[PDB]
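Everything below concerns the one structure shown next.
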Amino acid sequence: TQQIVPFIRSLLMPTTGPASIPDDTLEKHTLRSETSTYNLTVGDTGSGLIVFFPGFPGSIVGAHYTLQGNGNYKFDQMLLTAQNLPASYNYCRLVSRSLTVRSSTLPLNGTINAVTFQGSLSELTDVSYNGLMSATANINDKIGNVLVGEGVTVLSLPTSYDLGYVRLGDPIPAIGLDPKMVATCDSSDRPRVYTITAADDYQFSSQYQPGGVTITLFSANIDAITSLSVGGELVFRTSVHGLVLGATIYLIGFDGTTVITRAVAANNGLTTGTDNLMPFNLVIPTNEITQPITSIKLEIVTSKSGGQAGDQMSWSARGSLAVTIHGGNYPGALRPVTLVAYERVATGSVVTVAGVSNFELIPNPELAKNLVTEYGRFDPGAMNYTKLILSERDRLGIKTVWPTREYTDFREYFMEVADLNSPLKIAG
Amino acid sequence: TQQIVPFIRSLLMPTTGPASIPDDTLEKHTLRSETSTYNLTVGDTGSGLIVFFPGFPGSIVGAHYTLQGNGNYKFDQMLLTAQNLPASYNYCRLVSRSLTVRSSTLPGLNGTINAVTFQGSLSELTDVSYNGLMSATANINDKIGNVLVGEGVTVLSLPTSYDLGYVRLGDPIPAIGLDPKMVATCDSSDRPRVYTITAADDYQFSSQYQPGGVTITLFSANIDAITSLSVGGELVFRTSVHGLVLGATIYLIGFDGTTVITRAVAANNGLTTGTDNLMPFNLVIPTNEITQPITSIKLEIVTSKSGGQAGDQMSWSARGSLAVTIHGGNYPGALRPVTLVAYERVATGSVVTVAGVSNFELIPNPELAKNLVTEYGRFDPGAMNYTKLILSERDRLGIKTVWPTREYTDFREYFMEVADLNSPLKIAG
Amino acid sequence: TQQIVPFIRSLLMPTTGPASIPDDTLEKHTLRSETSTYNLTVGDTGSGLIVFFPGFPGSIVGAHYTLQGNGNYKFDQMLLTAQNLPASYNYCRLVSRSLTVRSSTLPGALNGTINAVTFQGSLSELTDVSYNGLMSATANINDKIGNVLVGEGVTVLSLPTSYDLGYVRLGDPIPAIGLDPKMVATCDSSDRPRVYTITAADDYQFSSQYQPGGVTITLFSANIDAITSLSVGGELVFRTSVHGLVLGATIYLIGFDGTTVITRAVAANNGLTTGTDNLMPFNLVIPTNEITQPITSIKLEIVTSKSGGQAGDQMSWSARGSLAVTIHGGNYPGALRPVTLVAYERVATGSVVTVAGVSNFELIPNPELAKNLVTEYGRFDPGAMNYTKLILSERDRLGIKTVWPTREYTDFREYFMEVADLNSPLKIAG
Amino acid sequence: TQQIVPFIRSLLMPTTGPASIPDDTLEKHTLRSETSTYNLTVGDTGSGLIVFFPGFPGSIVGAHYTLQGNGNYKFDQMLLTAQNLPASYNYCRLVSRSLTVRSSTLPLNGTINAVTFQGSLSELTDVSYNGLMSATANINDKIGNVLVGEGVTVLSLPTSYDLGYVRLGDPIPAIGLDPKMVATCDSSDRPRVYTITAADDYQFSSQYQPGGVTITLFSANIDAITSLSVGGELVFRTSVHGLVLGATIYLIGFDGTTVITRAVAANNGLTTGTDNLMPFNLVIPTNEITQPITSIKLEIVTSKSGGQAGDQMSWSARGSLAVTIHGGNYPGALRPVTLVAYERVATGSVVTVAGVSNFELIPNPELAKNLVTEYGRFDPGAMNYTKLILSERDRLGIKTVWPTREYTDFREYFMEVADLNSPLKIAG
Ligand SMILES: [Ca+2]
């Protein structure tokens, strides 16, 4: 520390403002802060979960779920940046981010457990208040039973530097006959791909039914916050004449709710002694994803034209599908997740979220006319200092989740120099 | 500056030759320069536009458009590297590049130049007129106005990110096939760009019967492509009317409004009542089909009926989104920064001369690799820090992406004041 | 060199253990070593080829092929890491790797030599893979070694092809339930895909007389590379003047040994209508587990038959379209790219060619292991990367090879690594 | 640089005058400069090509070709030294050379592309204005789209030192009955040899023709500016009686034009069941070569004494030829070539060439009576300095082809000491 190092200051105290990442990604950019402010209402059980995406390169900060009588979560709302970055910028990179979670009202209130998990949302094996505590072995990535009144601070720590600029989901110039037409340029670099072999000569056998017989061929945990696509093909064989197949893909939210439902093939006759192809050509736009996607499943309906008492409908199925979630493997886009769980909070009280997110940004064409961009400030040793700090993360006690009181202490313990500027004022 | 720093020299004075980028991308490579030389002819209006892709990792340097009586641009030709890199190399990275635009011959001084570097791809520019260019950036060192054509302009490529991966060039891959016109390449793929177009969300179509059908343009959207791309996704059609037949075509439109590529996506396609009718998109567009930069995509649909009469009212509902993936499209330099050089008031028939040097890190193809030694880059510490410092002070140093050539020449000699032979190595021991 | 530099030590002497790569990719990770041990049996010809993927970010180390009487190679087995990384970890980055190849046992035989090269391309890109032909795959003298005695053996050392690489997703199983026992769901290496584009036809005219059973053609064949999952997309469009033509089409993915690895019917029994486009879409996804050996080429066959049929019937169609073969994470440096070939010949039939290696990784544990596996940011030492850059910059004058006569590598180890100095007065400090 | 180094000065600024090459070739010699001055006229297409032989040890500097409507070149003239060195000197060595090409009149004018190619003229795969640019990979051996008004400077850079003295094509004392008798002593050291196996049991078969049937047995690219010879033998076998063979060798110029035509065997009966020899004993003197030779071809005429409708004439041929071009492999004699191409220059305008060539020379016997010769000035470190400079050629930007403006700048940037001579004038 001398004066200090703008980047370290920004990284460890994001509410302080942005600084350019001192890596090798030399783009002309501009630096911005976006606040997040939410007043969430506590449900009947007095318990709930905030899912944060600490590294998300853009306006999505997290999602809030209330816990219900029956032990299920129920989606409340997305937690966003104050304004929608893709409306003004085309490219983006996360510099630093911190969020504060505490109670503000009562109609004192319970406790908080928090973890930073090194995987995407659907990968967590246990998301209960208590179960959170073992999502990492890292002591500085979990905090237990912090009083809600005092609150918790979530600090975003890096998962890789020299990251590319991410395209935001920015609207692209387009005209179309449909009012509800939407055209964007999506986060794409570093896609995540899931491959699901749904069937390898899977035999299906069942008696006839008016209305048909529905099965769930598979269900698989995947993650998506933004646009994705499904490709691939199932091949069906049969000895039985006049079978008609229906198939639907469901994308399921964290709360078990159907987020998206897409008929992949409806009313589709099967021919005897031939391959019957069922292609998958799904594109799911960002705006359709009303809450984080947590799993994908495929249902198949089998029915017969004629039909009787005992008819026995049978088919064989083979094939694999590929689920590409665009930009999904970009560190921060899905990957690190910070869960903040609260319980025993009085029903009707307010859980207050306040955060600052800092970005390197490239303006969209209209803003670029009035927004000057520059290469980052050069200070050598900024990156080495960051590397040193992170290297000593555990001995320094630099947490991703803090009791706010402890984070406040840390701020003043660190940051003991901010020294005006000695004789520039008297120099010459 | 001590002696100097090969990379800085190469970056600021590309005509000087190549140097390895001093980042962390440690590959065994070889360093090469490729010249670009063009003598472009000025059209009737005395006005035109050169689109440069200053950061393009490969042989595509830009494109020339003439401006026409009716105010439209008309494509002239691609501006390329002297030789086709993908014929000899498989992987590539741009080190540095500069280009010069000026007039040489006058027919039996000519006008002015405006230039900008725009931080987006070609189709993203809101205004591409000679005058309108000047506001594409707010950055004073990324625009230059009313430079005399005789003196000319210098385009200097400034970085948009280091630690970039090697890009696969569009290199031919060994292949045999029954078709003479068969082409197999391995394309720039890393860092794709993806556009998502929701063309319809229960869009109702309604119209009276027509012999030959009724054609509509469902959507049109600005996209960018110079190299291979693909279109995926699906539209779903519903209808109450029997015997409707659908035709659908995708058009990829050039900067000059011209159709570059036209692909029937579904021709003659009967719609069944009370069911989803699927129209999949499985398009792959190879690089060699893209004769000029793609600027927009549109989809037309033809609706016709088997029978047909006077008043028949054909109706359908449509739902679905498409995804346009342009391979390696988000790789910084591949589409992103664009430098426009516009000229006007140049006498018709005069020559606008382009001369450039492009510098590359390259990996040879298998046949060349047998005779082309590759190495890790020369190590000099502080090269990257010095680059970072220079760029950090870009504006106070006045390091432009577009220069009046005279000012760039001055800068060269102002900078580069040491190139000092090599003092007593010659007398050492 | 002072003490030394853990990373350089790991890079140049991988059997020594792992160290964090001193680049800018700051992830909380853990460091691990995985051994590779194989005892390969020499075939009838006394000759064979080991294909190594020195930079592979994961458990695939290489593949062994024996050479046969007829001059063809025949796949033996994949060479892997001791345990399957994707079963325990989700993300991975290669730190360093070295492998040893030597004779250990013989029947009865005093012959046997190794030629080896590191080729800066993927397997299918090599123009000549014969024992002798290897020697010209690079011009780099420190990337080839010739006629090393098999008894002494060869050392393959993995040298970097780029730092600041992203973590690669391993082919890790993803939680899934399904009606099929043989159901498999993974999250694959995807970042940095490789894409091949094949224009299979541009108004290609087909013409042939009728045949019971049909007339099969190979429309195209193209060299591609795949070790892990890939997909095929695109479309062919067929036109015809002849009524009642039925088309069959199959894609074959062919192994290095000319053997069919994967065969997928793309369209079987498919009637063509007169005066219209007839679409043949490609919607293929090939999962990793189906790829039993490295894929070296792709070909498409088309069968043309007619419902009726007679003596002279002349079946004709026109075809247009291109396909795209995406191999997931294929362009990630190391995934396909550098290949080291170790060829042996004149080894006595029935003798053992022994492979021993160590691979070092930066790893992120899967959710179950993450509960008990502490992860950290890498040890900071400044000048580690500069020192690496210096070393590599002077690679040729230092004689740092990717393929060594083992005896020469051993000498190099002791020539380098002349300081490992205990730790002077910490023991007496205060 | 101290004062400077005469040789480096001469090498980098040839217009400055000659200096002795500081190698080990210690001959008593004399130093001379010869200018080259040409005013070339631009043809109909406004386009043309100047071929320079930058290293030529003697009076041949280059050749000018105009480009024609049909895309062919047409030879204009040889570009020579001001006076014919072989008339006055017997031996010679090139020290340094520079030439300038620019427009001097109009009847504003076009552009120049230039390259130095490390091979002889006929070896260039592409000689078009645009194609030139890829003849080398060396950035300092090519220059693109230089304005003709400003012009280009060609600088000759070494291709080997410790070269022998070359015999010029000097006239030798001789008397003869023929007025047109010419006797010279030619550049011979380091011959270049081409070997052409024209036939290895090549079967010829064709129907009879009054006047015969002519074939071109082979055509091969070779290079010659000065004297050459053709040796070797073809052997013909046949089953057919009364066949008569004619054979002619053509040496073809760069412009596709026949430079030299020599009947090798005219009217030559073939005997059945025997080898029929056709020897090659050609000597081509320098003075017959009116423009650079670019290829050699051999035509054979086959005719029959009798002759009818269908007669079928057949022969088998075997043998190889050797083309020796005297002194051809002497570095500079054929080897490096610098091409200066211009286009878009107005028809009728003058392209002006001005150059200086510097030589080490040994006078002919008559001049030797009045021309003092000496061993070169000794300065140690001259050669090391040259080696250093050339070793750093690319970082110093020492080009073989320059935009003249850039070369002029270089001259004044270099050559910053030429310091009179401080107190010799005041010494003692
Ligand atoms: Ca870096």
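As shown in the structure tokens, the chain order sets the letters A, B, ...; within each chain, residues go from 1, and ligands are also counted from 1 in the order they appear.
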request  = For ligand 1, collect every residue having any atom at a distance of at most 7 Å from a ligand atom (counting only C-alpha atoms and all ligand atoms); output as JSON, numbers by chain.
outcome  = {"A": [23, 24, 162], "B": [23, 24, 163], "C": [23, 24, 164]}
Take the selection from the previous step and output its residues with N, CA, C and O atoms, as a PDB file, in the first residue's frame.
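Just written: out.pdb:
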ATOM      1  N   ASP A  23      -5.204  -6.380 -16.118  1.00  0.00           N
ATOM      2  CA  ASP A  23      -4.767  -7.554 -16.867  1.00  0.00           C
ATOM      3  C   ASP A  23      -4.305  -7.157 -18.267  1.00  0.00           C
ATOM      4  O   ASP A  23      -3.950  -6.004 -18.493  1.00  0.00           O
ATOM      5  N   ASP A  24      -4.307  -8.101 -19.201  1.00  0.00           N
ATOM      6  CA  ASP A  24      -3.778  -7.856 -20.538  1.00  0.00           C
ATOM      7  C   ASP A  24      -4.870  -7.565 -21.562  1.00  0.00           C
ATOM      8  O   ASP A  24      -4.593  -7.370 -22.747  1.00  0.00           O
ATOM      9  N   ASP A 162      -7.988 -11.710 -17.189  1.00  0.00           N
ATOM     10  CA  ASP A 162      -7.871 -11.807 -18.647  1.00  0.00           C
ATOM     11  C   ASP A 162      -9.107 -12.443 -19.296  1.00  0.00           C
ATOM     12  O   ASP A 162      -9.002 -13.221 -20.247  1.00  0.00           O
TER      13      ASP A 162
ATOM     14  N   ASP B  23       2.449 -10.852 -24.691  1.00  0.00           N
ATOM     15  CA  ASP B  23       1.437 -11.274 -23.730  1.00  0.00           C
ATOM     16  C   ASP B  23       1.752 -12.675 -23.204  1.00  0.00           C
ATOM     17  O   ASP B  23       2.898 -13.110 -23.265  1.00  0.00           O
ATOM     18  N   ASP B  24       0.742 -13.376 -22.696  1.00  0.00           N
ATOM     19  CA  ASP B  24       0.952 -14.677 -22.067  1.00  0.00           C
ATOM     20  C   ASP B  24       0.620 -15.842 -22.994  1.00  0.00           C
ATOM     21  O   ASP B  24       0.706 -17.005 -22.605  1.00  0.00           O
ATOM     22  N   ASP B 163      -3.642 -11.002 -25.089  1.00  0.00           N
ATOM     23  CA  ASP B 163      -3.923 -12.387 -24.696  1.00  0.00           C
ATOM     24  C   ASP B 163      -5.097 -12.997 -25.475  1.00  0.00           C
ATOM     25  O   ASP B 163      -5.913 -13.737 -24.927  1.00  0.00           O
TER      26      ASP B 163
ATOM     27  N   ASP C  23       0.021 -17.431 -14.517  1.00  0.00           N
ATOM     28  CA  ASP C  23      -0.610 -16.503 -15.451  1.00  0.00           C
ATOM     29  C   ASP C  23      -1.670 -15.659 -14.739  1.00  0.00           C
ATOM     30  O   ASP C  23      -1.619 -15.507 -13.519  1.00  0.00           O
ATOM     31  N   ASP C  24      -2.617 -15.113 -15.492  1.00  0.00           N
ATOM     32  CA  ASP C  24      -3.611 -14.202 -14.930  1.00  0.00           C
ATOM     33  C   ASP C  24      -4.947 -14.885 -14.646  1.00  0.00           C
ATOM     34  O   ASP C  24      -5.901 -14.246 -14.199  1.00  0.00           O
ATOM     35  N   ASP C 164      -2.583 -18.375 -19.956  1.00  0.00           N
ATOM     36  CA  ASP C 164      -3.885 -17.721 -19.776  1.00  0.00           C
ATOM     37  C   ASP C 164      -5.029 -18.463 -20.485  1.00  0.00           C
ATOM     38  O   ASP C 164      -5.934 -17.850 -21.052  1.00  0.00           O
TER      39      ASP C 164
END
message = If you run DSSP on the backbone here, which positions in segment 70-219 of chain A get strand (DSSP E or B)? Please write them as a ChimeraX atom specification.
response = /A:73-80,89-103,111-117,142-147,152-155,166-167,170-171,174-176,182-186,192-206,213-219
Same residues, C-alpha atoms, output as a compact mmCIF listing (two decimals), in the first residue's frame:
# COMPACT_ATOMS: atom_id res chain seq x y z
CA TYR A 73 -39.06 -22.66 -2.61
CA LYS A 74 -41.18 -20.19 -4.57
CA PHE A 75 -39.64 -17.63 -6.88
CA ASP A 76 -40.21 -14.01 -5.92
CA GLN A 77 -38.21 -11.84 -8.33
CA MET A 78 -34.93 -11.32 -10.14
CA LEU A 79 -32.50 -8.98 -8.45
CA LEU A 80 -31.07 -6.59 -10.98
CA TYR A 89 -23.82 -0.85 -23.64
CA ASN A 90 -22.85 -3.71 -25.94
CA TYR A 91 -19.87 -5.17 -24.15
CA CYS A 92 -19.03 -5.60 -20.53
CA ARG A 93 -16.62 -7.00 -17.98
CA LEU A 94 -17.11 -7.25 -14.22
CA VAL A 95 -14.58 -5.36 -12.12
CA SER A 96 -15.88 -5.82 -8.58
CA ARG A 97 -19.12 -6.18 -6.68
CA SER A 98 -20.41 -6.15 -3.13
CA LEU A 99 -23.90 -6.60 -1.75
CA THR A 100 -25.35 -6.06 1.67
CA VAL A 101 -28.24 -8.14 3.05
CA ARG A 102 -30.01 -7.19 6.31
CA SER A 103 -33.45 -6.61 7.83
CA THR A 111 -30.48 -15.36 11.36
CA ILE A 112 -28.49 -15.80 8.13
CA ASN A 113 -26.31 -18.58 6.68
CA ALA A 114 -24.31 -17.88 3.52
CA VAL A 115 -21.94 -19.68 1.14
CA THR A 116 -20.07 -19.13 -2.04
CA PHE A 117 -20.30 -22.30 -4.07
CA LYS A 142 -19.12 -19.62 4.36
CA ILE A 143 -20.58 -17.76 7.30
CA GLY A 144 -23.02 -19.15 9.84
CA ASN A 145 -25.85 -17.74 11.94
CA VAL A 146 -25.19 -14.05 11.47
CA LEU A 147 -27.95 -11.97 13.05
CA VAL A 152 -24.25 -10.08 5.78
CA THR A 153 -21.89 -8.68 3.15
CA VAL A 154 -21.28 -10.55 -0.07
CA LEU A 155 -17.99 -9.72 -1.71
CA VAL A 166 -18.97 -10.20 -22.81
CA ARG A 167 -21.65 -9.13 -25.20
CA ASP A 170 -28.28 -5.82 -26.35
CA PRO A 171 -31.14 -5.07 -28.77
CA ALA A 174 -34.60 -4.84 -36.53
CA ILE A 175 -37.99 -4.37 -38.12
CA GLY A 176 -40.68 -7.03 -38.26
CA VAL A 182 -37.18 -9.14 -30.28
CA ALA A 183 -33.67 -9.21 -31.74
CA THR A 184 -30.57 -9.28 -29.58
CA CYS A 185 -26.87 -10.06 -29.78
CA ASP A 186 -26.16 -12.45 -26.94
CA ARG A 192 -21.51 -24.30 -21.98
CA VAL A 193 -22.64 -27.54 -23.59
CA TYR A 194 -24.60 -30.37 -21.99
CA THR A 195 -24.90 -33.66 -23.83
CA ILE A 196 -27.75 -35.96 -22.90
CA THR A 197 -28.02 -39.41 -24.38
CA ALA A 198 -31.74 -39.73 -23.68
CA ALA A 199 -31.99 -43.22 -25.14
CA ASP A 200 -29.81 -46.04 -26.45
CA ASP A 201 -32.34 -48.48 -27.89
CA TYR A 202 -34.77 -47.72 -25.05
CA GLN A 203 -37.78 -50.04 -25.35
CA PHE A 204 -41.19 -48.52 -24.59
CA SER A 205 -44.21 -50.76 -24.02
CA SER A 206 -47.70 -49.91 -22.75
CA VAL A 213 -49.70 -42.57 -22.51
CA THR A 214 -47.25 -39.91 -21.37
CA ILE A 215 -43.75 -40.69 -20.11
CA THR A 216 -40.86 -38.55 -18.95
CA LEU A 217 -37.97 -39.94 -20.97
CA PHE A 218 -35.38 -38.02 -18.99
CA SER A 219 -34.79 -35.16 -16.62
message = Within 8 Å of chain B, which residues belong to chain C? Use only C-alpha atoms and report them as a PyMOL selection string.
response = chain C and resi 23+120-121+125-127+136-140+160-164+191-202+204+218-224+233-235+276-277+279+281-282+321-324+331+386+389-390+392-393+395
key: Exercise: residue 378 of chain A partners within 8 Å, only C-alpha atoms, chain neighbours under 3 positions left out, as an MDAnalysis selection string   = (chainID A and resid 22) or (chainID B and resid 388:389 392)
message = Taking only C-alpha atoms into account, find every residue of chain C that has an atom no more than 7 Å from chain A, and write it out as an NGL selection string.
response = :C and (24-27 or 174-180 or 182-188 or 190-192 or 268 or 283-285 or 287 or 367 or 370-375 or 377-380 or 382)
Selection from above, N, CA and C atoms, as a compact mmCIF listing (two decimals), in the first residue's frame, can you write it?
# COMPACT_ATOMS: atom_id res chain seq x y z
N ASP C 24 -2.62 -15.11 -15.49
CA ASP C 24 -3.61 -14.20 -14.93
C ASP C 24 -4.95 -14.88 -14.65
N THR C 25 -5.00 -16.19 -14.89
CA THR C 25 -6.22 -16.95 -14.69
C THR C 25 -6.39 -17.31 -13.20
N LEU C 26 -6.75 -16.31 -12.40
CA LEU C 26 -6.86 -16.48 -10.96
C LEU C 26 -8.15 -17.13 -10.49
N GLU C 27 -8.14 -18.46 -10.41
CA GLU C 27 -9.25 -19.24 -9.87
C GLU C 27 -8.82 -19.92 -8.60
N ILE C 174 -23.61 -35.32 -15.05
CA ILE C 174 -24.50 -34.31 -14.49
C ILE C 174 -25.69 -35.05 -13.86
N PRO C 175 -26.24 -34.53 -12.74
CA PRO C 175 -27.33 -35.30 -12.13
C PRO C 175 -28.50 -35.43 -13.10
N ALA C 176 -28.96 -36.66 -13.29
CA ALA C 176 -30.01 -36.95 -14.25
C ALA C 176 -30.69 -38.26 -13.93
N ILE C 177 -32.00 -38.29 -14.12
CA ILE C 177 -32.74 -39.55 -14.07
C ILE C 177 -33.41 -39.75 -15.42
N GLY C 178 -33.58 -41.01 -15.80
CA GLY C 178 -34.19 -41.34 -17.07
C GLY C 178 -34.65 -42.78 -17.08
N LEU C 179 -35.60 -43.07 -17.95
CA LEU C 179 -36.14 -44.42 -18.07
C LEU C 179 -35.12 -45.43 -18.59
N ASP C 180 -34.14 -44.96 -19.36
CA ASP C 180 -33.14 -45.84 -19.94
C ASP C 180 -31.94 -46.04 -19.00
N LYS C 182 -29.09 -47.03 -19.91
CA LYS C 182 -27.90 -46.58 -20.65
C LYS C 182 -27.88 -45.07 -20.89
N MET C 183 -28.68 -44.35 -20.11
CA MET C 183 -28.76 -42.90 -20.21
C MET C 183 -27.51 -42.25 -19.62
N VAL C 184 -26.97 -41.27 -20.35
CA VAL C 184 -25.74 -40.61 -19.96
C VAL C 184 -25.89 -39.10 -20.15
N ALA C 185 -25.60 -38.33 -19.11
CA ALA C 185 -25.71 -36.89 -19.19
C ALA C 185 -24.45 -36.22 -18.65
N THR C 186 -23.77 -35.48 -19.51
CA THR C 186 -22.52 -34.85 -19.12
C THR C 186 -22.52 -33.37 -19.47
N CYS C 187 -21.55 -32.65 -18.91
CA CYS C 187 -21.33 -31.26 -19.24
C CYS C 187 -19.96 -31.20 -19.88
N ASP C 188 -19.90 -30.85 -21.16
CA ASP C 188 -18.71 -31.12 -21.95
C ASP C 188 -17.76 -29.95 -22.13
N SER C 190 -16.40 -27.27 -23.95
CA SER C 190 -17.15 -26.54 -24.94
C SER C 190 -16.44 -25.28 -25.39
N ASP C 191 -15.88 -24.53 -24.44
CA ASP C 191 -15.22 -23.26 -24.74
C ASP C 191 -14.25 -23.48 -25.88
N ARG C 192 -14.23 -22.56 -26.83
CA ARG C 192 -13.30 -22.62 -27.95
C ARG C 192 -13.62 -23.82 -28.83
N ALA C 268 -33.11 -42.22 -43.62
CA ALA C 268 -33.35 -43.50 -44.27
C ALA C 268 -34.73 -43.43 -44.89
N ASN C 283 -28.92 -33.21 -37.91
CA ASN C 283 -29.11 -32.89 -36.51
C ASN C 283 -28.40 -33.91 -35.62
N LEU C 284 -27.11 -34.10 -35.85
CA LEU C 284 -26.38 -35.14 -35.14
C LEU C 284 -25.65 -34.61 -33.93
N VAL C 285 -25.81 -35.32 -32.82
CA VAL C 285 -25.00 -35.08 -31.64
C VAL C 285 -24.30 -36.38 -31.30
N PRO C 287 -22.05 -38.15 -28.56
CA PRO C 287 -21.52 -38.06 -27.20
C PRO C 287 -20.12 -38.65 -27.09
N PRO C 367 -19.27 -30.99 -7.13
CA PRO C 367 -19.99 -30.61 -5.91
C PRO C 367 -19.80 -31.53 -4.71
N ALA C 370 -16.16 -31.08 -3.47
CA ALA C 370 -15.99 -29.70 -3.01
C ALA C 370 -16.31 -29.53 -1.53
N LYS C 371 -17.02 -30.49 -0.95
CA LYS C 371 -17.40 -30.45 0.45
C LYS C 371 -16.23 -30.77 1.36
N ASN C 372 -15.20 -31.38 0.78
CA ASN C 372 -14.07 -31.85 1.55
C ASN C 372 -12.73 -31.50 0.94
N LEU C 373 -12.78 -30.75 -0.15
CA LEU C 373 -11.59 -30.34 -0.87
C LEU C 373 -11.45 -28.83 -0.83
N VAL C 374 -10.51 -28.36 -0.02
CA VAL C 374 -10.20 -26.94 0.08
C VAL C 374 -9.56 -26.44 -1.23
N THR C 375 -10.02 -25.30 -1.73
CA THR C 375 -9.42 -24.69 -2.91
C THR C 375 -8.84 -23.33 -2.58
N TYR C 377 -6.40 -19.77 -4.31
CA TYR C 377 -5.68 -19.09 -5.36
C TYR C 377 -4.23 -19.54 -5.32
N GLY C 378 -3.58 -19.57 -6.48
CA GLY C 378 -2.21 -20.05 -6.59
C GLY C 378 -1.22 -19.28 -5.74
N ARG C 379 -0.14 -19.95 -5.35
CA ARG C 379 0.99 -19.30 -4.68
C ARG C 379 1.49 -18.17 -5.55
N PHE C 380 1.72 -17.02 -4.93
CA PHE C 380 2.26 -15.90 -5.65
C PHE C 380 3.77 -15.97 -5.62
N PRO C 382 6.39 -13.64 -8.03
CA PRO C 382 6.60 -12.73 -9.14
C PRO C 382 7.86 -13.18 -9.87
ask   = Any idea what's packed within 10 Å of residue 286 of chain A, counting only C-alpha atoms, ignoring anything in its chain fewer than 6 positions away? Could you give it as a count of residues only?
value = 10
What are the closest atom pairs, with distances in Å to one decimal, for all residues of chain B lying within 6 Å of chain A? Consider only C-alpha atoms, order rows by chain and residue number, and present the result as CSV.
residue,atom,partner,partner_atom,distance
B:135,CA,A:369,CA,5.5
B:136,CA,A:369,CA,5.4
B:137,CA,A:369,CA,4.8
B:138,CA,A:369,CA,5.0
B:139,CA,A:372,CA,5.4
B:160,CA,A:27,CA,4.6
B:161,CA,A:26,CA,4.1
B:162,CA,A:25,CA,5.2
B:191,CA,A:189,CA,4.3
B:192,CA,A:189,CA,5.7
B:193,CA,A:188,CA,5.8
B:194,CA,A:186,CA,5.6
B:195,CA,A:185,CA,4.4
B:196,CA,A:184,CA,5.4
B:197,CA,A:183,CA,4.3
B:198,CA,A:182,CA,5.1
B:199,CA,A:181,CA,5.6
B:200,CA,A:181,CA,5.9
B:203,CA,A:178,CA,5.7
B:218,CA,A:177,CA,5.6
B:219,CA,A:176,CA,4.0
B:220,CA,A:175,CA,5.4
B:221,CA,A:174,CA,4.1
B:222,CA,A:173,CA,5.7
B:233,CA,A:281,CA,4.9
B:234,CA,A:281,CA,5.9
B:321,CA,A:283,CA,5.9
B:389,CA,A:378,CA,5.5
B:392,CA,A:377,CA,5.4
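The coordinates place atom CA of residue 405 of chain D at 24.7 Å from atom CA of residue 146 of chain B.
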